[PDB]
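In order, the protein sequence lines correspond to chains B and D. Quick note on the authors' numbering: the first sequence kicks off at 1804 and runs consecutively. Quick note on the authors' numbering: the second sequence kicks off at 1665 and runs consecutively. Note that CB positions come from ideal geometry on N, CA and C, so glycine has one too. Step one of this worksheet: look at the structure below.
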Amino acid sequence: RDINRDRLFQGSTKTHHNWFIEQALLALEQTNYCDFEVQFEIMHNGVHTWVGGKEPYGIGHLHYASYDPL
Amino acid sequence: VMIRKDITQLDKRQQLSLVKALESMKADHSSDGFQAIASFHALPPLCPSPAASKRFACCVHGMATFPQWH
Ligand code: CUO
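Right, dumping it as structure tokens:
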């Protein structure tokens, strides 16, 4: 895992508001399950990319990601 | 159900309130005020009476009652 972007820890100064939180909260807002899932799933994707980074065998790749314990 | 949580867990907003509240409490002129509240535990000693020649500190320390008092 090449968490090239350590930047993840760069949250907001207020600290509550975070990108994840903003994204997640919005997802929570929807009543419809389907609508909820689209937002929900995308938020999910971010972690995969952030950890995997550039590395060929990692979280970032669909193929490889299951291998990592994260 | 006011909730007491680990200090670490606390939110910035949660923290925000405590910091402001205590600071305001510090200012509080009232008997309810912080300086006054502090006197409950120890000096100035209030126990025998608020105005009594010999005063003892309010510690039901070394007693069964101790956890209740605190
Ligand atoms: O102070 Cu009297 O007990 Cu912790």
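Exercise for review: Output the residues surrounding ligand 1, defined as those with a CB atom closer than 7 Å to any ligand heavy atom, in chain order.
Suggested key: Those satisfying the condition are, in chain order, 1705(D), 1723(D), 1725(D) and 1734(D).
Review point. Is residue 1856(B) near residue 1808(B), with beta carbons less than 8 Å apart?
Key: In contact: residue 1856(B) and residue 1808(B) (Cβ atoms closer than 8 Å).
Review point. Can the beta-carbon of residue 1704(D) be found less than 8 Å from the beta-carbon of residue 1722(D)?
Key: Remark: C-beta atoms of residue 1704(D) and residue 1722(D) approach each other more closely than 8 Å.
Practice item. List the whole-angstrom C-beta distance separating residue 1847(B) from residue 1862(B), where the pair is believed to meet the contact cut-off of C-beta under 8 Å. Key: Not confirmed; about 12 Å, so no contact.
Review point. Hey, residue 1712(D) and residue 1720(D): beta-carbon distance below 8 Å or not?
Key: A contact, by the Cβ cut-off of 8 Å.
Check your understanding: Taking C-alpha atoms, which residue in 1682(D), 1681(D) and 1675(D) lies nearest to residue 1818(B)?
Key -> With distances taken between Cα atoms, residue 1818(B) lies closest to 1675(D).
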